[PDB]
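In what follows, a structure is listed as structure tokens, so that the remarks can point back to it.
All residue numbers refer to positions in the sequence shown, counting from 1.
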Amino acid sequence: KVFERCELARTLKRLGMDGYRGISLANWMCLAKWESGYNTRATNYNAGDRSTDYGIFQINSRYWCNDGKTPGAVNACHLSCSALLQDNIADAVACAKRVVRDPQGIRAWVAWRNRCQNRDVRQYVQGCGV
Ligand SMILES: [Cl-]
Ligand SMILES: [Cl-]
Ligand SMILES: [Cl-]
């Protein structure tokens, strides 16, 4: 599914993302916007390294989920990458929380550094009741 902005914001808040390991909801919104356009079914193959990015946060198969087809990969979220292509984003959120338990935190996603870091991101949550 493709979430509407405010629907997603409330969805993430219910799932405990607001301020998780220091990360405001608006930072998670900005991440989702630029990774996927709020689209849970998005996949992107990285021909360079044979990995794939899955779902609303575009979580990578090399480290985070298992797709069977990525050489040398591990699965720190202990999920099938399929779980990151559900309309229900609970598993994706659990996996995003796992990512940011690692030292880089949200810096793990380059798109965040590019499109969100050091920016005014207040617009993402404006009006949403969150
Ligand atoms: Cl911030
Ligand atoms: Cl699974
Ligand atoms: Cl679903």
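Residues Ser24 and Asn27 have side chains that bring a donor and an acceptor to within less than 3.5 angstrom of each other.
With a 4.5 Å cut-off on side-chain heavy atoms, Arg5 and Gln123 do not count as touching. At least one side-chain heavy atom of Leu8 sits under 4.5 Å from a side-chain heavy atom of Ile89. Inter-residue side-chain proximity for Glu7 and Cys128 is flagged as unmet; no heavy-atom pair is nearer than 4.5 Å. Inter-residue side-chain proximity for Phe57 and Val93 is flagged as met; some heavy-atom pair is nearer than 4.5 Å. Here the side chains of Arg107 and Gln117 are in contact, with some heavy-atom distance below 4.5 Å.
Taken from CE in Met29 to CE in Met17, the straight-line distance is 11.0 Å, to the nearest 0.5 Å. One finds the OG atom of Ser80 at 8.5 Å from the CG atom of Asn75 (value rounded to the nearest 0.5 Å). Between the CG atom of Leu84 and the OG1 atom of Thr52 there is a distance of 11.5 Å, given to the nearest 0.5 Å. We find the CG-CD1 distance between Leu31 and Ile56 to be 9.5 Å, quoted to the nearest 0.5 Å. Atom CG of residue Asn66 and atom OG of residue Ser82 lie 11.0 Å apart, to the nearest 0.5 angstrom. Atom-to-atom distance recorded for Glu35:CD and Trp112:CH2 is 12.5 Å, nearest 0.5 angstrom.
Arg115 places no side-chain N or O within donor-acceptor distance of the main-chain N or O of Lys33, the cut-off being under 3.5 Å. Side-chain N or O atoms of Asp18 include one that pairs as donor or acceptor with a backbone N or O of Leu25 at under 3.5 Å. Using a distance-only test at 3.5 Å, with no hydrogens or angles considered, a donor-acceptor pair links the side chain of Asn88 to the main chain of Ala90.
When all heavy atoms are compared, the tightest approach of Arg62 to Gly72 is NH1-C, 4.0 Å. In terms of heavy-atom proximity, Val99 sits nearest to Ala108 at CG1-CB, 3.7 Å. Summarising the geometry of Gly16 relative to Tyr20, their closest heavy-atom pair is O-CB, 3.8 Å, with the distance given to 0.1 Å. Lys13 and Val130 get closest at one heavy-atom pair: NZ-C, 3.7 Å. Smallest separation of non-hydrogen atoms from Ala26 and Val121: CB-O, 3.5 Å. Summarising the geometry of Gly127 relative to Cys6, their closest heavy-atom pair is C-SG, 4.1 Å, with the distance given to 0.1 Å.
No more than 12 heavy atoms of other residues, nucleotides or ligands lie within 6.0 Å of OH in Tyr63, so this atom counts as exposed by the packing criterion. By the neighbour-count criterion of 12 heavy atoms within 6.0 Å, atom CZ of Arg50 is sparsely surrounded, having that number or fewer from other residues, nucleotides or ligands. Remark: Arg41 CZ is loosely packed, at most 12 non-hydrogen atoms of other residues, nucleotides or ligands lying under 6.0 Å away.
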side-chain contact (heavy atoms from CB on, under 4.5 Å) between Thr40 and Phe3, intermediate numbers included: CA-CA 8 Å; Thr40 62; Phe3 276 84; 3.8 Å; yes

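Between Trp109 and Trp28, the ring planes are perpendicular. Angles over 60° get that label, and only those under 30° would be called parallel.
Among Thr43, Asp67, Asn60, the single residue meeting the side chain to side chain donor-acceptor pair (under 3.5 Å) criterion with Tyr54 is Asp67.
If you check the gamma sulfurs of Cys95 and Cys65, they are not less than 2.5 Å from each other.
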